[PDB]
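Following: one structure in structure tokens, then a few remarks.
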Amino acid sequence: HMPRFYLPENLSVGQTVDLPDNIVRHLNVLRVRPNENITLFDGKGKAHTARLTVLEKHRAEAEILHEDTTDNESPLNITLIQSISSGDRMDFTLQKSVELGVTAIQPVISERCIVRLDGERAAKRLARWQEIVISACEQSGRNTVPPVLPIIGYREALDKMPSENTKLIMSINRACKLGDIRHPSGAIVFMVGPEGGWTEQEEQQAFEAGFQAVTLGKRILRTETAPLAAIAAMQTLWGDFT
């Protein structure tokens, strides 16, 4: 119904405060007329209904009507560890994984990274990646915004999660099906490679870090579809798809 806007601020059930410059442009492009209602969520799980009071070319105000009791989150905790890939493959991975309920995203540089990251580029891509995630929350109705964590290398990211986590790498080598894995009890950490794939040594490191290699289905998918299909499969076995 009501257009949704991410506003990382604490809102009081009766306070009228002025909206940031990014929400102003967003309101104007959607042609949202004054006295219509919008949704403001802080990305931490709490949203509010607000009545649009003012809207100008470079200013916006809103009044907080009431608090939305709205939780669309999957109870399953999935961190997608994704090797940096170029353009559409990365953007679609980031956008659709948010629609499918991923809880965090750890971009990593692996051996076969072909994305330029020197200078200011790494920060600029992270910020654009963060904005794609935010937009996907606005569209899919999530009031919790999964973080896009600072870029690190593959090796450093292996030692990050606690031992008790379910640690999965998409790979055809030393694999079982995702359904045939020991029933995960807590959080899931899921590792995906770039276009060029994993190196032989990279697989060994994951195997030594306790990662279980998983396949889904009889054909190996080379595209961003494989991590997306896997997260949906995870929501069906352990998340809010079942």
Side-chain angles (χ1 to χ4, degrees), residues 2-8 10-12 14 17 19-27 29-30 32 34-43 45 47-53 55 60-62 64 68 71-80 82 88 90-107 124-130 132-149 187 224 227-228 231-232 234-236 238-241:
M2 303 166 177
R4 300 170 31 88
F5 306 98
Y6 172 66
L7 176 68
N10 235 288
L11 297 179
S12 299
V17 180
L19 299 161
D21 188 72
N22 70 335
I23 294 189
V24 176
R25 313 196 214 93
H26 208 338
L27 284 166
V29 176
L30 279 171
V32 180
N35 217 68
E36 295 176 7
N37 291 347
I38 59 127
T39 294
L40 294 176
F41 62 98
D42 63 1
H48 289 264
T49 312
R51 178 177 53 248
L52 186 52
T53 287
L55 181 51
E61 260 206 320
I64 307 319
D68 296 351
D71 183 46
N72 298 329
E73 293 306 308
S74 174
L76 188 59
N77 197 309
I78 306 162
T79 298
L80 166 56
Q82 176 66 61
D88 270 8
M90 194 64 189
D91 296 355
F92 287 153
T93 293
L94 285 164
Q95 176 182 83
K96 274 60 177 87
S97 86
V98 171
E99 296 169 39
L100 299 164
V102 80
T103 91
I105 296 152
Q106 177 62 82
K124 298 194 183 172
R125 301 202 196 267
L126 187 58
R128 194 177 157 272
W129 292 342
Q130 198 71 64
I132 289 162
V133 163
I134 286 163
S135 286
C137 292
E138 292 176 340
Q139 171 276 322
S140 69
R142 284 178 65 173
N143 293 337
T144 300
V145 173
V148 187
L149 302 173
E224 68 275 13
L228 307 176
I231 297 170
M234 289 174 201
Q235 301 295 3
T236 301
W238 314 303
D240 62 346
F241 284 13

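Hydrogens, waters and symmetry mates are skipped; everything else that's a heavy atom, side chains included, is used. Along the sequence shown, residues carry numbers from 1.
Of all heavy-atom pairs between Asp240 and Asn72, the closest is OD2-O, 4.0 Å. Nearest heavy atom pair, residue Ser74 against residue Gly239, reads OG-CA, 3.8 Å. The shortest non-hydrogen separation linking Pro146 to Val98 is CG-CG2, 4.0 Å. Taking every heavy atom of both residues into account, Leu40 and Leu11 meet most closely at CB-CD1, 3.7 Å. Residue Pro107 comes nearest to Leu126 through the heavy atom pair CG-CD1, 4.5 Å, listed as atom of the first residue, atom of the second, then distance. Closest approach of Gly45 and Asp42 over heavy atoms only: N-OD1, 3.5 Å.
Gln82 places none of its side-chain heavy atoms less than 4.5 Å from the side chain of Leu94. At least one side-chain heavy atom of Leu228 sits under 4.5 Å from a side-chain heavy atom of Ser97. A 4.5 Å side-chain heavy-atom check between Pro20 and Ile23 finds at least one atom pair inside the cut-off. Residues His26 and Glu138 form a side-chain contact, since some pair of their non-hydrogen atoms from C-beta on lies under 4.5 Å apart. In this structure, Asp68 and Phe41 have side chains that are not in contact, with every pair of non-hydrogen atoms separated by 4.5 Å or more. Between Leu149 and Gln106, some side-chain heavy-atom pair lies under the 4.5 Å cut-off. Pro3 has its side chain within reach of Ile38: a pair of non-hydrogen atoms, C-beta onward, lies under 4.5 Å apart. Using a 4.5 Å heavy-atom cutoff, the side chains of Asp91 and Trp129 are in contact.
At distances below 3.5 Å, not a single donor-acceptor pair connects side-chain atoms of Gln95 with backbone N or O atoms of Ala136.
To the nearest 0.5 Å, the span separating OG1 on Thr39 from CE on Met2 amounts to 6.0 Å. For the atom pair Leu52 CG and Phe5 CZ, the distance stands at 8.5 Å (nearest 0.5 Å). Taking CG of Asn22 as the reference point, atom CG of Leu27 lies at 9.5 Å (rounded to 0.5 Å). Here the CG atom belonging to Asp88 is positioned 7.5 Å from the CD atom belonging to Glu224, to the nearest 0.5 angstrom. Between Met234 atom CE and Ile78 atom CD1 the span is 6.0 Å, to the nearest 0.5 Å.
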Might you work through the side-chain contact (heavy atoms from CB on, under 4.5 Å) test for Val148 and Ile132, ending with a clear yes or no? CA-CA 10 Å; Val148 187; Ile132 289 162; over 6 Å; no
Kindly indicate, with the supporting measurements, whether the criterion side-chain contact (heavy atoms from CB on, under 4.5 Å) is fulfilled by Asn143 and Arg4. CA-CA 9 Å; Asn143 293 337; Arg4 300 170 31 88; 2.9 Å; yes
Step by step, work out the side-chain contact (heavy atoms from CB on, under 4.5 Å) result for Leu80 and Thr93. CA-CA 10 Å; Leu80 166 56; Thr93 293; 3.9 Å; yes
After noting the C-alpha distance and the side-chain angles of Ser12 and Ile64, does the key distance pass the side-chain contact (heavy atoms from CB on, under 4.5 Å) rule? CA-CA 7 Å; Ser12 299; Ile64 307 319; over 6 Å; no
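Looking only at atom types and distance, the side chain of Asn77 has a donor-acceptor partner in the side chain of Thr103 under 3.5 Å away.
Qualifying side-chain hydrogen bond (donor to acceptor under 3.5 Å, both in side chains) partners for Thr79, counting only residues two or more places apart in sequence or in other chains: none. Scanning for side chain to side chain contact (heavy atoms under 4.5 Å, CB included) contacts around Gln139 gives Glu99, with sequence neighbours left out.
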